[PDB]
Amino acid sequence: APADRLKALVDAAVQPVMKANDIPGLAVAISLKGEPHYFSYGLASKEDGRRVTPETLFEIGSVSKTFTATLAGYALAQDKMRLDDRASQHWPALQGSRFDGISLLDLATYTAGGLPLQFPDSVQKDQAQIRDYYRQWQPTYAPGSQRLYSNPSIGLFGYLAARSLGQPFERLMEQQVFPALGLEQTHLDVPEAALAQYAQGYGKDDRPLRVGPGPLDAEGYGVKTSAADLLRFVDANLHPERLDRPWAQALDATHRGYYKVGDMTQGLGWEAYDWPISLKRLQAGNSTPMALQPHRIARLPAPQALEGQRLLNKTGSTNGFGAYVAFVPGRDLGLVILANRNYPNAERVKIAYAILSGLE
């Protein structure tokens, strides 16, 4: 009966949203009081009929920012950087630029002063072009005043965290972070031997879409993972104390809130809400205006622990994929929803809320 009831709950949440948003394939993974549960739907590739499983690789887009935040958490744990460091401390090319007056915390939490959502199309994936973009950039408004969600912002945060550790970002993630977290199905660059697991992404007219190269792609949106591996990452977040101490500290650093915008408290990578909260408020925190428009922050007098009666979440997208992760620290509950269509955040939150409400 319990297995029947959980399947009925997850099917009732997922099936209508997959039909309504024409989602070819979707993987759910749930962590419930220390037990994993998997529900897999539809096709990883329509053309060859390959089914989604909990081992199918999906692009998770901006959920990658929580991995980037974890690497920065490790640099913080090792005293290689501080959040109040000036950004230019960690990259001499930026000495004498406006990054002399911008903190690593501003970059991490999108408050550097108007760095845009994406790099402009004029900046290709090229070390010199990225360098020259930051050297010339000037804030629209005072650092630490307005949140404008931004890949160049947290991307530079991750880049500088890697520089503080003396190695390239992608190398540190592959050689140190993923192994420390027990993740063998999590990739920035999918190996040839794993390509058979890589789902197809679908856009307009079902155009096939896998993510192409871009500046600081690894830091902003580069992770491909399975539902089973992303749930292992959620379980690490629910129990940092089970990891070796420097990695436990790295994860704890991603559970600290610095300011509020509306109902949302901004951490490193993770975004948090009081729990319970209405579905409409959770959708509004994850809305298009929250992602695209500047918002004045309400700064906390001290960093706030993102634990207890809270939901921590992150949306992530690419042109072909739509991911959502949410967990409730004080209930030992975690959820992953990975799909191969970029379907609206409101609909991802609708699935998650139905499941989390039904487990509670």
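From 1 onward, residues are counted along the sequence shown.
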Handout entry: Segment of higher mean CA temperature factor, 45 to 53 or 24 to 32
Key = 45 to 53
Completion exercise
Of 97 to 105 and 199 to 207, the stretch with the higher mean C-alpha B-factor in the deposited entry is 199 to 207
Completion exercise
From the entry's CA B-factor values, the highest among 244, 274, 252, 217 is 244
Practice task
Pick out which of 312, 302, 69, 63 has the highest C-alpha B-factor in the PDB entry.
Solution key: 302
Practice task
Place residue 234 in the lowest, middle or highest third of its chain's C-alpha B-factors, as listed in the PDB entry.
Solution key: lowest
Completion exercise
Assert third(CA B-factor, residue 297) within chain per record equals highest
Completion exercise
The third of the chain into which the C-alpha temperature factor of residue 264 falls is the lowest
Practice task
Give the position of residue 140 by CA B-factor within its chain, expressed as the lowest, middle or highest third.
Solution key: middle
Exercise for the section: Among all modelled residues of this chain, ranked by Cα B factor, put residue 166 in the bottom, middle or top third, i.e. lowest, middle or highest. Expected result: highest
